[PDB]
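**Student:** Under the deposited numbering, the residues of the sequence shown are numbered 1 to 773, 779 to 1015, 1023 to 1112, 1122 to 1140, in order.
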Amino acid sequence: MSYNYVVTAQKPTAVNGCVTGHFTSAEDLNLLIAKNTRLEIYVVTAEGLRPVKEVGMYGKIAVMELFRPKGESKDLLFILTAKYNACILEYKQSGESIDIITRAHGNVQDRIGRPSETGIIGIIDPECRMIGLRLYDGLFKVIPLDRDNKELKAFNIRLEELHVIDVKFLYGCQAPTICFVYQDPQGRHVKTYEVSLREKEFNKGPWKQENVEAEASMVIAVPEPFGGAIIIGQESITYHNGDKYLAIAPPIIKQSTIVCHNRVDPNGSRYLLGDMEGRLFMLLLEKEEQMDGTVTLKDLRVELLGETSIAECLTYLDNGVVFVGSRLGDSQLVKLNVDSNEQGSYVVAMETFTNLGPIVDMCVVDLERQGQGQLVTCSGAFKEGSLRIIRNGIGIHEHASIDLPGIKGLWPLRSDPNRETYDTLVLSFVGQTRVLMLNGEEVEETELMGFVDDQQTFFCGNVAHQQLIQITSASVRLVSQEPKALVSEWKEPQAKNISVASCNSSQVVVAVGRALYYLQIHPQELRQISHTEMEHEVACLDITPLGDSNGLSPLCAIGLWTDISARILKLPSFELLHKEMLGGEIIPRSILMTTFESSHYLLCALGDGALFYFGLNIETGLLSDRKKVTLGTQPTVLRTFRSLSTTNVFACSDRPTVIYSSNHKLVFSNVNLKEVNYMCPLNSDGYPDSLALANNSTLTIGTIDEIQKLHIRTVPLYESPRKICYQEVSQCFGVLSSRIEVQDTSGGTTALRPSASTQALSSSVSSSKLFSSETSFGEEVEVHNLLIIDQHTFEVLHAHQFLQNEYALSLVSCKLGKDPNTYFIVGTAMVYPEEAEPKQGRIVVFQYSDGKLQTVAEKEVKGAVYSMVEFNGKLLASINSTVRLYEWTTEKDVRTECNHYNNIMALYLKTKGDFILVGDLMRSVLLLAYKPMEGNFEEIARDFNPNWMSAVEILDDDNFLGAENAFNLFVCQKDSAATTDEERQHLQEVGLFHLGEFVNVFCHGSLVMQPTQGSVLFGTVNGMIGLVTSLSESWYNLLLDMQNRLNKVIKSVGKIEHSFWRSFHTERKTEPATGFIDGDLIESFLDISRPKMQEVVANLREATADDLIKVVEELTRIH
């Protein structure tokens, strides 16, 4: 009985790979960035990066190189997956659309062979003669790249060298030559082989085998004008070619390990090198032009250019710009300058891109105290360490709220000449019009000697010539602004109510039923120009300069009444241009024509809740892009606001929505408000970049946040955060962090930079004497702290430092025993350098009150305290293969009963309100319940068959979620079978599914606000935030069917079956997925085309596309 649903909440933000070339067009410079399962394509330009296509793969990308075979117009992309999916790709965009076509594809998995330390390595020979894969110890796969072999049939060559460190094909060879650094006793060396694909063998290197530094770990092939290879290790860098050898031991490098490199100049003359500690260096190869032998190379040299944030991936874009691809911190675009600046850095940050980085731990908390939910995460590592608050939707800060009922409309008001901005706002009612005034934040009501106070207004804008138009239903008026009066007044030649308004600034378009009059605001006078009548009744009109016109407006858009029609037509005349009939009998409420960028847009909202979106030429009006997307259930009221430069539309509805721009589409995210019936933008003096917003019965103004479906706040810490616990009563968080210091001259550890725990506002250091038992004069130590962060400011209120070599591993916020107070409790371990497994630890009790952090109680323990949780009233801790329950004395002391415990090593632990427990010992999951007799736990049940756990969660009384270090998820369940002794002792695994991420933390909570059931989010190493829910058996089945029908249709990038991708996979076993659905796949159903869509949804059970789009949209709202 297990039936679960997973979706991505936030795609991965960590950068794993990033290569450079011309994939789009021969003469076009791209940057290809690899996330885990995301390939992101950019075109480099003057500003920075212009995006073009963002695909997702059904696998983790492990190798990403570009290359161009003979007779090949631009470069192809080669990619290998972690699950051994090879493929070559081509970028094809001709038409309006773009496509990654799959030239070739195949699975290079080998039945035998064990995965080598350093992992999958993928290289391509310089004349593209082959693909070189190192996947397994003692094996080198070769893929011939000729014109055929569209299946990437490879062959293997035996490799006598059991442990390879790195490998690249060498440059300038009359035959595939590979250069590698392997290891055997005797240290490590660099050997060579030629590759005969005429007969599958290695031949013999173009040169002999030399030794290398024990830590040689990167091989670099340098191009033809020098050839040879560069070998980087610690404390030395070297050059190898033939009987040539150079080498340098620049001390600058001895410190951290060089981790990545990238070619600056194609001469091979310069290279970027990145540290673990984030230093960027420039390597430079000193040429020498000899008489008329050739161009040789004389010497190497390394210069520190500065620091970037820890680089995984590094890539000289162009013109001194470099992309920094980070996995432990934010990525960035950075400029190299020739002169150094202040700080003496040749590097300068131009742009930073968010990385939720390693989510090491998290929790959900309603920070604003509103029924919604926010994620707060411990993110990053070392200097890149931080907190992120992720919050859903766009929000708006409120200032003035008037208890004002019934409002049918809202238009700006500038009561002065051309002195800019606005000072009065006008509110259409029911059958009235009541003007205001603003001497600031003041909101009095007095009218104008020129508008009507008993005539519902349909418009209240500005024009020219000292003029304020008020289109009433009875009469398009015109007001004098200096004298303050009536300049003129228009009236339907019969006396017929104006049904629908429309006024830009320099011109008008009323409609009185099916007829239309066009009137111009000329010098102190209205000016009739036209009359046409429509096949049906007019529901709504737009006039607005959509481009190359300063108020005199070309077109006129329209939604009609019986046939549900939308139409664009030429205003001077009203001649029909062309139109789109839609469905149903629900009429259009609103229609809008607004431009954002290099696409002109025409939007049409129905009155059931639907919205449809159009392409328009400013010039003709061709029936351009169309698809049914829904919003609230009420009629939307479209409208135009001022944001930044990229100004946009607000959708008023029972579900307030914004339409922004991203790559070149228009965002579609929620505004976090009850319901907005109408809204006009603003500038006004007492309320500056505001917006006004009515409803049922209120009025308010205010600004607008970012955009994205998710808002993210960063809180830098300059140090690793490790755990986090909200403590409401204190209105703050606890976060365990560690930082690195070093052995100074006095040995004393010091500090590499200031950071949360050192820069803290208040401070304190442990002072216990519980221990009293050696060090190296120059090395590294970690120093751990508990930080107290205010949930509003996020300042480090207080930082407590632990004992030397004490590591905090676990954190709790709770109340214990009968004590009213709420403590932060921390579990630790004395981590001495040699003897691995901890012999000692502490359980410390801390209190935060009036403003200080007291150290209530202490309690020594005989081992590391890997984790703990507040059970029912006692405190349940896990100490090094032992589980104990602690009682909180009424005298304020934590005490246990050694006659009592359970022998287990719970790395991970959870509890269900009952007396239930989910532990983890030797790769297994266990369900234990606290029996008050034996005063122990009872091992109700476990999951036999290993599983290297990384996270764990209780879904409910009988279902338990597990996450393992193979990127799989699983669900164990208490089997309800006879013989309630043993069958009931083995919890069977009722579900499996290959996630693709590495889960570090589970937690109950949601990000959306106020029918599936249950909700569990998880954070990963890659920054990706997931979500897991339960379903009913019918939904599981409808959806399971859905999936199958869905694969048949959707074209998988590198032609990889979704069924294989999601199939559970650990090196031991391989099974298909079960009790698992990915809404990720399931939500792709919306981006498909109708023709494809009715191809799905064909036999169960009305089975409608429209009907089935409705369920899928109802599932998107889970996040």
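Just so you know, even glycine gets a beta-carbon here, dropped at the ideal spot from N, CA and C.
Can you look up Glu-1134 in the DSSP assignment and give me helix, strand or coil?
**Tutor:** In this structure, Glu-1134 counts as helix in the three-state DSSP scheme.
**Student:** Out of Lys-74, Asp-366, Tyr-828, state which residue places its alpha-carbon closest to the alpha-carbon of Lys-897.
**Tutor:** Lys-897 has its Cα closest to that of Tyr-828, out of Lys-74, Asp-366, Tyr-828.
**Student:** Can you check whether the CB of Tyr-891 is closer than 9 Å to the CB of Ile-848?
**Tutor:** Yes, the Cβ-Cβ distance between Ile-848 and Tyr-891 is below 9 Å.
**Student:** Rounded to whole angstroms, what is the Cα-Cα separation between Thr-646 and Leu-300?
**Tutor:** About 49 Å.
**Student:** Could you check where the alpha helix (DSSP H) with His-1070 kicks off and where it finishes?
**Tutor:** It spans 1070 to 1073 - the alpha helix (DSSP H) in which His-1070 sits, taken as one unbroken run.
**Student:** Please state if the CB of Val-788 and the CB of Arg-739 are separated by a distance shorter than 9 Å.
**Tutor:** Yes.
**Student:** If you run the structure through DSSP and keep just helix, strand and coil, what is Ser-886?
**Tutor:** Coil at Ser-886, not helix or strand.
**Student:** On a CA-only basis, which of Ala-934, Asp-548, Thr-377, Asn-1056 is nearest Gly-734? Give me that one, please.
**Tutor:** Of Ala-934, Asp-548, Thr-377, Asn-1056, the residue nearest in Cα terms is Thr-377.
**Student:** Would you mind listing the alpha helix (DSSP H) stretches within the region 531 to 593 that are 4+ residues and don't spill past its ends, in chain order?
**Tutor:** The qualifying runs do not exist here; there are none.
**Student:** By the three-class DSSP mapping on this structure, what secondary structure does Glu-1083 have?
**Tutor:** Looking at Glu-1083 - three-state DSSP - the assignment turns out to be strand.
**Student:** How many angstroms separate the CA atom of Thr-916 from the CA atom of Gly-1026?
**Tutor:** If I take the Cα positions, the gap works out to 16 Å.
**Student:** Assign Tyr-1048 to one of three DSSP states: helix, strand, or coil.
**Tutor:** The answer is helix: DSSP assigns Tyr-1048 an H, G or I state.
**Student:** Let me know if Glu-161 comes out buried or exposed under the rule of 16 or more other beta-carbons within 10 Å of its beta-carbon.
**Tutor:** Answer is buried; the Cβ neighbour count reaches 16.
**Student:** Am I right that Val-430 and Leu-413 are in contact with their C-beta atoms under 8 Å? What's the rounded C-beta distance?
**Tutor:** Rounded, the Cβ-Cβ distance is 20 Å, inconsistent with contact.
**Student:** So, with DSSP's three-state summary, where would you put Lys-1104?
**Tutor:** Three-state result, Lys-1104: helix.
**Student:** Return the residue from the list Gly-1001, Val-923, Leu-1029 that minimises the CA-CA distance to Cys-977.
**Tutor:** Selected option, being the one with the closest Cα: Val-923.
**Student:** To the nearest angstrom, how far is the alpha carbon of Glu-90 from that of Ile-165?
**Tutor:** Straight-line Cα distance between these residues: approximately 31 Å.
**Student:** Measuring straight from C-alpha to C-alpha, what distance separates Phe-876 and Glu-444?
**Tutor:** Answer to the nearest angstrom: the Cα atoms are 58 Å apart.
**Student:** Around the Cβ of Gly-227, are there at least 16 other Cβ atoms within 10 angstroms (buried) or fewer (exposed)?
**Tutor:** Flag for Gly-227 reads buried.
**Student:** If contacts are defined as beta-carbon pairs under 8 Å, then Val-742 and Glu-784 qualify, I think. What distance do you get, rounded to the angstrom?
**Tutor:** Yes, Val-742 and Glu-784 are in contact; Cβ-Cβ is about 7 Å, under 8 Å.
**Student:** Within this structure, are the beta carbons of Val-6 and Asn-663 separated by less than 9 Å?
**Tutor:** Contact: no.
**Student:** Near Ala-249, which residues of its chain fall below 6 Å by C-beta distance, leaving aside the five closest residues on each side in sequence?
**Tutor:** Result list for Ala-249: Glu-235, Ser-236, in chain order.
**Student:** Is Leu-1129 helix, strand or coil by DSSP?
**Tutor:** If DSSP states are grouped into helix, strand and coil, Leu-1129 belongs with the helices.
**Student:** With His-1077 and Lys-83 assumed to form a contact (beta carbons below 8 Å), what rounded beta-carbon distance in angstroms separates them?
**Tutor:** Contact holds; Cβ gap of about 7 Å.
**Student:** Tell me the rounded alpha-carbon separation between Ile-131 and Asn-970.
**Tutor:** Rounded to the nearest angstrom, the two C-alpha atoms are 29 Å apart.
**Student:** Is it buried or exposed, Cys-903, if we count other Cβ atoms within 10 angstroms and call 16 or more buried?
**Tutor:** That one is exposed.
**Student:** Given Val-302, which residues of its chain have a CB within under 8 Å of its CB, disregarding the five upstream and five downstream residues?
**Tutor:** Excluding residues within five positions, the ones whose Cβ falls inside 8 Å are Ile-237, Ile-248, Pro-250, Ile-252, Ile-253, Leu-273, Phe-281, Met-282, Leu-283, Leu-284.
**Student:** If contacts are defined as beta-carbon pairs under 8 Å, then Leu-49 and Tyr-42 qualify, I think. What distance do you get, rounded to the angstrom?
**Tutor:** With 8 Å as the limit, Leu-49 and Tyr-42 qualify as a contact, their Cβ atoms being about 4 Å apart.
**Student:** May I ask you to report which of helix, strand or coil DSSP gives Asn-672?
**Tutor:** In this structure, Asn-672 counts as coil in the three-state DSSP scheme.
**Student:** Mind checking whether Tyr-660 and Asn-648 have CB atoms under 9 Å apart?
**Tutor:** It is a contact, given that the beta carbons lie within the stated cut-off.
**Student:** Please report the straight-line C-alpha distance between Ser-256 and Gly-233, rounded to a whole angstrom.
**Tutor:** If you take the alpha carbons of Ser-256 and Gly-233, they lie about 11 Å apart.
**Student:** Can you tell me where the alpha helix (DSSP H) with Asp-1092 in it begins and where it stops?
**Tutor:** 1091 to 1095 is the extent of the alpha helix (DSSP H) around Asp-1092.
**Student:** Do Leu-792 and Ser-872 have their CB atoms nearer than 9 Å?
**Tutor:** Contact flag unset, no.
**Student:** Between which two residues does the beta strand (DSSP E) holding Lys-298 run?
**Tutor:** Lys-298 -> beta strand (DSSP E) spans 295 to 307.
**Student:** Determine the closest residue to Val-729 out of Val-1132, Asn-16, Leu-367, with distance taken between C-alpha atoms.
**Tutor:** Nearest C-alpha to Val-729: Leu-367.
**Student:** Hey, quick one: how far does the beta strand (DSSP E) through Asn-392 stretch, first residue to last?
**Tutor:** Looking at the DSSP string, the run of the beta strand (DSSP E) that includes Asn-392 is 386 to 392.
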